[PDB]
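Containing TSV, C-alpha atoms and all ligand atoms: structure_27.tsv.
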chain	number	residue	atom	x	y	z
G	1	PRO	CA	-17.70	-8.71	6.32
G	2	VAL	CA	-14.67	-8.51	4.15
G	3	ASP	CA	-13.66	-10.74	1.32
G	4	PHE	CA	-11.19	-9.31	-1.13
G	5	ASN	CA	-10.57	-12.60	-2.88
G	6	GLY	CA	-12.45	-11.85	-6.04
G	7	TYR	CA	-12.40	-9.72	-9.18
G	8	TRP	CA	-12.81	-6.00	-9.38
G	9	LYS	CA	-12.82	-3.66	-12.38
G	10	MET	CA	-12.75	0.10	-12.30
G	11	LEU	CA	-15.83	1.91	-13.47
G	12	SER	CA	-14.90	5.53	-13.49
G	13	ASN	CA	-12.92	8.23	-11.84
G	14	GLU	CA	-13.79	11.63	-10.58
G	15	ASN	CA	-10.36	12.71	-9.45
G	16	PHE	CA	-7.88	10.47	-11.20
G	17	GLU	CA	-6.71	13.51	-13.13
G	18	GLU	CA	-6.33	15.79	-10.13
G	19	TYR	CA	-4.60	13.02	-8.23
G	20	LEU	CA	-2.11	12.67	-11.01
G	21	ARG	CA	-1.41	16.34	-10.58
G	22	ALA	CA	-0.49	15.87	-6.93
G	23	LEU	CA	2.39	13.66	-7.85
G	24	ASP	CA	3.05	15.83	-10.84
G	25	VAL	CA	2.59	13.25	-13.48
G	26	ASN	CA	3.57	14.01	-17.04
G	27	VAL	CA	1.02	15.31	-19.53
G	28	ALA	CA	1.49	12.18	-21.61
G	29	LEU	CA	0.89	9.74	-18.81
G	30	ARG	CA	-2.25	11.58	-17.86
G	31	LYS	CA	-3.48	11.19	-21.37
G	32	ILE	CA	-2.76	7.53	-21.60
G	33	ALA	CA	-3.96	6.83	-18.10
G	34	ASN	CA	-7.31	8.34	-18.96
G	35	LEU	CA	-8.15	5.63	-21.38
G	36	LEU	CA	-6.61	3.26	-18.92
G	37	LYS	CA	-8.38	1.72	-15.97
G	38	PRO	CA	-6.50	-1.17	-14.54
G	39	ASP	CA	-8.39	-4.16	-13.33
G	40	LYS	CA	-7.48	-5.41	-9.87
G	41	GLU	CA	-7.53	-9.06	-9.00
G	42	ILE	CA	-6.93	-9.71	-5.35
G	43	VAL	CA	-5.74	-13.06	-4.07
G	44	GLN	CA	-6.12	-13.43	-0.31
G	45	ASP	CA	-4.16	-16.14	1.44
G	46	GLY	CA	-3.79	-15.64	5.16
G	47	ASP	CA	-1.51	-12.85	6.24
G	48	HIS	CA	-0.31	-12.59	2.70
G	49	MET	CA	-2.38	-10.68	0.24
G	50	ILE	CA	-1.45	-9.78	-3.30
G	51	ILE	CA	-3.22	-7.09	-5.26
G	52	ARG	CA	-2.98	-7.62	-9.00
G	53	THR	CA	-2.94	-4.86	-11.62
G	54	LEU	CA	-3.28	-5.77	-15.24
G	55	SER	CA	-3.71	-2.86	-17.55
G	56	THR	CA	-1.96	-4.53	-20.39
G	57	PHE	CA	0.53	-1.69	-20.17
G	58	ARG	CA	2.72	-2.43	-17.19
G	59	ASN	CA	2.27	-4.95	-14.43
G	60	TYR	CA	2.59	-3.65	-10.92
G	61	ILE	CA	2.01	-6.27	-8.28
G	62	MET	CA	2.35	-5.69	-4.62
G	63	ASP	CA	2.54	-7.89	-1.52
G	64	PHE	CA	0.32	-6.53	1.16
G	65	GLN	CA	1.29	-8.22	4.41
G	66	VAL	CA	-1.66	-7.55	6.70
G	67	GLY	CA	-0.46	-6.14	9.97
G	68	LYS	CA	3.12	-6.16	8.77
G	69	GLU	CA	5.36	-3.53	7.22
G	70	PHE	CA	6.82	-3.47	3.75
G	71	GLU	CA	8.54	-1.06	1.43
G	72	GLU	CA	6.79	0.29	-1.64
G	73	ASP	CA	8.65	1.58	-4.64
G	74	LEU	CA	6.23	3.63	-6.71
G	75	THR	CA	8.54	3.73	-9.71
G	76	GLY	CA	6.31	3.66	-12.75
G	77	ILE	CA	3.69	5.83	-11.15
G	78	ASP	CA	5.54	8.91	-10.02
G	79	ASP	CA	8.92	7.58	-8.99
G	80	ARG	CA	8.68	7.25	-5.25
G	81	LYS	CA	9.78	4.99	-2.44
G	82	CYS	CA	8.32	4.49	1.00
G	83	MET	CA	7.14	2.26	3.82
G	84	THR	CA	3.57	1.08	3.99
G	85	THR	CA	1.48	-0.78	6.58
G	86	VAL	CA	-2.06	-2.00	6.76
G	87	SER	CA	-4.49	-2.24	9.64
G	88	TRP	CA	-7.98	-3.32	10.40
G	89	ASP	CA	-9.58	-0.49	12.29
G	90	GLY	CA	-12.89	-2.30	12.09
G	91	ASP	CA	-15.27	-3.17	9.28
G	92	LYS	CA	-13.00	-1.14	7.05
G	93	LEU	CA	-9.42	-1.37	5.95
G	94	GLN	CA	-6.81	1.32	6.45
G	95	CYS	CA	-3.32	1.62	4.98
G	96	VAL	CA	-0.80	4.16	6.17
G	97	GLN	CA	2.36	5.29	4.41
G	98	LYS	CA	5.25	6.69	6.39
G	99	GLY	CA	6.45	8.76	3.45
G	100	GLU	CA	6.31	12.40	2.63
G	101	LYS	CA	3.58	14.88	1.85
G	102	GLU	CA	0.32	15.10	3.70
G	103	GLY	CA	-2.28	12.63	2.66
G	104	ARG	CA	-0.36	9.54	1.77
G	105	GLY	CA	-2.37	7.01	3.69
G	106	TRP	CA	-5.13	5.07	2.04
G	107	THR	CA	-8.48	4.10	3.40
G	108	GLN	CA	-11.12	1.65	2.34
G	109	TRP	CA	-14.70	0.59	2.84
G	110	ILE	CA	-16.51	-2.14	0.92
G	111	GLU	CA	-20.19	-1.84	0.31
G	112	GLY	CA	-21.26	-5.02	-1.40
G	113	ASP	CA	-20.51	-5.72	-5.02
G	114	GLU	CA	-18.63	-2.49	-5.49
G	115	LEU	CA	-15.21	-1.85	-3.97
G	116	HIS	CA	-15.38	1.73	-2.85
G	117	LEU	CA	-12.64	3.67	-1.15
G	118	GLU	CA	-11.19	7.00	-0.29
G	119	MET	CA	-7.74	7.67	-1.57
G	120	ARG	CA	-5.84	10.56	-0.07
G	121	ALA	CA	-2.84	12.46	-1.30
G	122	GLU	CA	-1.40	15.77	-0.38
G	123	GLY	CA	-4.74	16.78	0.98
G	124	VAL	CA	-6.57	15.71	-2.12
G	125	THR	CA	-9.29	13.13	-2.08
G	126	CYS	CA	-9.66	10.64	-4.90
G	127	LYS	CA	-12.77	8.52	-5.16
G	128	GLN	CA	-12.36	5.59	-7.50
G	129	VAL	CA	-15.17	3.07	-7.65
G	130	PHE	CA	-14.43	-0.48	-8.56
G	131	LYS	CA	-17.14	-2.96	-9.42
G	132	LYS	CA	-17.22	-6.69	-8.93
G	133	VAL	CA	-17.10	-8.65	-12.12
G	134	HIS	CA	-17.69	-12.14	-10.73
G	201	LIG	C1	-0.55	6.43	-12.95
G	201	LIG	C2	-0.40	5.02	-13.41
G	201	LIG	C3	-0.71	3.91	-12.75
G	201	LIG	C4	-1.30	3.91	-11.38
G	201	LIG	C5	-0.67	3.31	-10.37
G	201	LIG	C6	-1.19	3.27	-8.98
G	201	LIG	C7	-1.38	4.61	-8.37
G	201	LIG	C8	-1.43	2.07	-8.41
G	201	LIG	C9	-1.93	2.02	-7.04
G	201	LIG	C10	-1.34	1.43	-6.01
G	201	LIG	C11	-1.90	1.40	-4.64
G	201	LIG	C12	-2.08	2.77	-4.03
G	201	LIG	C13	-2.16	0.23	-4.07
G	201	LIG	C14	-2.72	0.01	-2.69
G	201	LIG	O1	-3.69	-0.99	-2.69
G	201	LIG	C15	-0.54	2.60	-13.32
G	201	LIG	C16	0.89	2.07	-13.20
G	201	LIG	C17	-1.06	1.44	-12.49
G	201	LIG	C18	-1.00	2.58	-14.79
G	201	LIG	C19	-0.60	3.81	-15.59
G	201	LIG	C20	0.14	4.85	-14.73
Give the structure from this file in structure tokens form.
Ligand SMILES: CC1=C(/C=C/C(C)=C/C=C/C(C)=C/CO)C(C)(C)CCC1
Amino acid sequence: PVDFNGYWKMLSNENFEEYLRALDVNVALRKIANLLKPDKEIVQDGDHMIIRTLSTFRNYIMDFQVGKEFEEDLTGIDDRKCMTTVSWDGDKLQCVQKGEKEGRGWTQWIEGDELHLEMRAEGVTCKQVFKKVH
């Protein structure tokens, strides 16, 4: 019961500000990012899955190779570089980053027509709820 191939827009954020603080994002970026709420458009195609991000500010596409490893340069976010992998624990999805800090390792869980998840970073939890647009 997982089908990413669709359209998902962000509704709100309860810790997008606090999460920006973990990576020590500028005061300007935090300001701009507040009004911003990128819309993700996933395109599943086998073992290759691309997660779009179109905020009309700066395009940051990634190539999530399910089960396989790939680097991930976070330059544009908070200027970072690491190695990320993704697994399928079960009904949920779980991505682990072999970087620094203590938290960097995403987790997900879909619950219908709203792509919910639990972002983690440096011990901080960021709940960002995305809704299907269909
Ligand atoms: C702060 C900030 C941004 C947030 C970027 C992030 C954090 C994207 C998330 C990537 C992940 C974690 C993907 C795993 O599926 C963007 C550039 C987009 C817009 C303005 C500045």
Please write out the residues within 6 Å of ligand LIG 201 (chain G) as an mmCIF file with C-alpha atoms, in the frame of the given file, counting all atoms listed in the file.
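Final file, selection.cif:
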data_model
loop_
_atom_site.group_PDB
_atom_site.id
_atom_site.type_symbol
_atom_site.label_atom_id
_atom_site.label_comp_id
_atom_site.auth_asym_id
_atom_site.auth_seq_id
_atom_site.Cartn_x
_atom_site.Cartn_y
_atom_site.Cartn_z
ATOM 1 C CA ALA G 33 -3.960 6.830 -18.100
ATOM 2 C CA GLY G 76 6.310 3.660 -12.750
ATOM 3 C CA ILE G 77 3.690 5.830 -11.150
#
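The smallest atom-to-atom distance between residue 128 (chain G) and any of G:28, G:93, G:115, G:50, using only C-alpha atoms, is found for G:115.
Coordinates place CA of residue 59 (chain G) at a distance of 24.8 Å from CA of residue 125 (chain G).
Between CA of residue 23 (chain G) and CA of residue 78 (chain G) the interatomic distance comes to 6.1 Å.
The residue that comes closest to residue 41 (chain G), out of G:121, G:95, G:62, G:83 and on the basis of all atoms listed in the file, is G:62.
Closest approach to residue 110 (chain G) among G:2, G:25, G:54, G:124 is made by G:2 (distances from all atoms listed in the file).
The two atoms in question, CA of residue 30 (chain G) and CA of residue 15 (chain G), are spaced 11.7 Å apart.
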Exercise. Could you name the residues that touch region 129-131 of chain G at 8 Å or less, counting all atoms listed in the file, but leaving out those on the same chain fewer than 2 positions away, as JSON, numbers by chain?
Worked result: {"G": [8, 9, 10, 11, 12, 13, 113, 114, 115, 116, 117, 127, 133]}
